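Here is the structure we will look at.
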Amino acid sequence: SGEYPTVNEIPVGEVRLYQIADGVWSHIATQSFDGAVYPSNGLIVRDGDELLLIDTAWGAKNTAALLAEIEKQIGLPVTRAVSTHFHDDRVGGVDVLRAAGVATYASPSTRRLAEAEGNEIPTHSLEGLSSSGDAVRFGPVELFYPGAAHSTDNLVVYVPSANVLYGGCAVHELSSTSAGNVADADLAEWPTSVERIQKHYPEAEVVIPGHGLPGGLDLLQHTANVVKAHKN
Ligand SMILES: CC(C)c1cccc2c(-c3ccc(CNC(=N)N)c(F)c3)c(C(=O)O)[nH]c12
Ligand SMILES: [Zn+2]
Ligand SMILES: [Zn+2]
């Protein structure tokens, strides 16, 4: 009924949308992994009379539910999707998207890592993102590679029309105590990568983490803090 939806409010298999700004939504779903339930976010950006999707809803059935929820609440076709790193909360559901006619994209690094992990593999490679600080335009967003953080391949997404920064899993929510799932992370480089994001997007008004509640620019410094406390 208005506030941002939390993990215990979304049964596994249902998807919520949340209006972030004009023409910008987040999508929220929940999934089981190793016997615990987690929420996760993605993004939807209006692209004329089409939509750009950022990240799957963490699984095939969740992603089918996402497409149905978009049709119900927005009613414009999803034509392209970008996955922001190789984990299943970002690519699980790419096969559903591809069979629904959505063109799926990721960096070559993400595609290689997804293939090696046994995860679903986006079809198209996004060049121009291999060096930290690189940025490319993709429809109504800018894609930015900040350097290694949560994963070596993680991308962030900026919506310039709305000053919305989608940090993905390189950014944690303010209530977070922990650095999340760090299995593939670079804890030493992560603060430097966050500093790059801070320098590149100083006018961000909304910052969306990969998991949990959006906030403002403070999510960036908070993330650096939680990662440094973890590494130590
Ligand atoms: C590898 C991938 C598919 C995956 C599986 C299971 C958990 C995670 C997490 C995670 C783990 C705990 C928290 C703490 N917050 C809570 N609500 N439990 C959090 F935010 C994310 C991340 C992440 O870190 O990207 N990724 C995950
Ligand atoms: Zn991840
Ligand atoms: Zn994640």
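Remember, it's 1-based here, ligands and their atoms both numbered in the order they're listed. Sequential numbering from 1 along the given sequence is applied to the chain's residues.
Checking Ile54, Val164, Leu165 one by one against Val159, the side-chain contact (heavy atoms from CB on, under 4.5 Å) holds for a single residue, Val164.
With respect to the salt-bridge test (charged N to carboxylate O, under 4.0 angstrom), the residues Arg80 and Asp47 qualify.
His172 counts as a contact of ligand 1, since one of its heavy atoms falls under 4.0 Å from the ligand. For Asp89, the closest heavy-atom approach to ligand 1 falls below 4.0 Å.
Looking only at protein heavy atoms, the nearest one to atom 13 (C) of ligand 1 is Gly180 CA, 3.9 Å. In terms of protein heavy atoms, atom 14 (C) of ligand 1 is closest to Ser178 OG, 4.5 Å. What sits closest to atom 17 (N) of ligand 1 on the protein, heavy atoms only, is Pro39 CD, 3.8 Å. Regarding atom 6 (C) of ligand 1, its nearest protein heavy-atom neighbour is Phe33 CD2, 3.4 Å. Scanning the protein heavy atoms around atom 8 (C) of ligand 1, the nearest turns out to be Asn181 CB, 3.5 Å. Of the protein's non-hydrogen atoms, the one nearest atom 16 (C) of ligand 1 is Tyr38 CD2, 4.3 Å. Of all protein heavy atoms, the one closest to atom 20 (F) of ligand 1 is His211 CB, 3.4 Å.
Within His211, the N/O/S atom positioned nearest the Zn ion (ligand 3) carries the name NE2.
There is a side-chain donor-acceptor pair under 3.5 Å between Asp153 and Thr110. For the residue pair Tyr105 and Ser125, no side-chain donor N or O sits within less than 3.5 Å of a side-chain acceptor on the partner. Under 3.5 Å, the side chains of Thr6 and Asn8 contain no donor-acceptor pair of N or O atoms.
Among the atoms of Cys169, an N, O or S atom is found under 2.8 Å from the Zn ion (ligand 3). At a cut-off of 2.8 Å, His85 is counted among the residues with an N, O or S atom near the Zn ion (ligand 2).
Neither the backbone nor the side chain of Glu173 comes within contact range of ligand 1; no heavy atom lies under 4.0 Å. Of all the heavy atoms of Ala36, none lies under 4.0 Å from any atom of ligand 1, so neither backbone nor side chain is involved.
At least one donor-acceptor pair under 3.5 Å links the side chain of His222 to the backbone N or O of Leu174.
A ring-centre distance under 6.0 Å is not found for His172 and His150. Annotation: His200 is in aromatic contact with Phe144 [ring centroid separation under 6.0 Å].
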